[PDB]
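In the form deposited in one PDB entry, a lone chain appears below as structure tokens.
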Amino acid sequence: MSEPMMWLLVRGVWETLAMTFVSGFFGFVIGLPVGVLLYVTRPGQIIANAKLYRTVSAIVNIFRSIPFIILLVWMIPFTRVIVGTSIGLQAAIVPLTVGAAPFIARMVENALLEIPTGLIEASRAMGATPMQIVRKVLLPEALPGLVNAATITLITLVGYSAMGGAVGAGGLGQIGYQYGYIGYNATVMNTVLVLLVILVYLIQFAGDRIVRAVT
């Protein structure tokens, strides 16, 4: 573990961290509206529109069915349009975010589905607008499930970023692949693993603490 390897591990930590958290943030920014739609447009729900449900669900499934790599590639031009480059950290984040958003939306749908029926009935009876119900009932009442979903999703995003990072932004997982594994460096490998374990532990601790905070 030379001083250069120290700095490289530092930057790998920073890469994994930025990728995971930023990508999860924006993936939620997207999929949470998408999930709320998938929930709300179901047969029977506040704004029950089969056509719109099929459209949104179709988009979601379509994006889900693209392999990570083909997605990143097809994104490259629009990736540049956005961040001005198709390489490095932000360039990796963008395709990561698009890959994650549909899964996030489906997780959201799942969470909202576990909301009770009587509460939606009450919200409709009071005369609340769909967006009023969303902002005041659906998301508030489903908040524990939403937070647990976010926990799960970020834990996944750690390794997912590790994989997708290799357009010039690999993070700790890339480092472990290269220096820990490709060329037998037990120290580097163990350091990478310990950092990753600490990271997942921190994320799960935060998620569980927030969840239990909500009664």
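For every residue, the number given is its place in the sequence shown, counted from 1. Definition used throughout: the rigid core is the maximal C-alpha set that superposes within 1.5 Å between two forms.
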Stretch with higher mean Cα temperature factor, 112 to 120 vs 71 to 79, is 71 to 79
Mean Cα B-factor check, 145 to 153 vs 158 to 166, entry values; winner is 158 to 166
Max C-alpha B-factor within the set 182, 38, 32, 66 falls on 182
For 102, 140, 130, 84, the deposited C-alpha B-factor is largest at 84
By the entry's values, the third containing the CA B factor of residue 89 is the highest
Binned into thirds over the chain's modelled residues, the C-alpha B-factor of residue 175 lands in the highest
Split the chain's modelled residues into thirds by Cα B-factor; residue 47 lands in the highest
In terms of its chain's C-alpha B-factors, the third that includes residue 188 is the highest
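Keep in mind that the form deposited in another entry is not shown, yet the notes after this line are about it.
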Listed 107, 133, 75, 89; moving between this form and the one not shown by 2 Å or more at the CA after core fit is just 75
Q.
With a threshold of 2 Å on the C-alpha, tell me if residue 156 counts as moved between this form and the one not shown once the core is superposed.
A. no
Core-aligned C-alpha movement of residue 165 between this form and the one not shown reaching 2 Å
yes
After a rigid core superposition, would you say the CA of residue 30 moves by 2 angstroms or more between this form and the one not shown, or not?
no
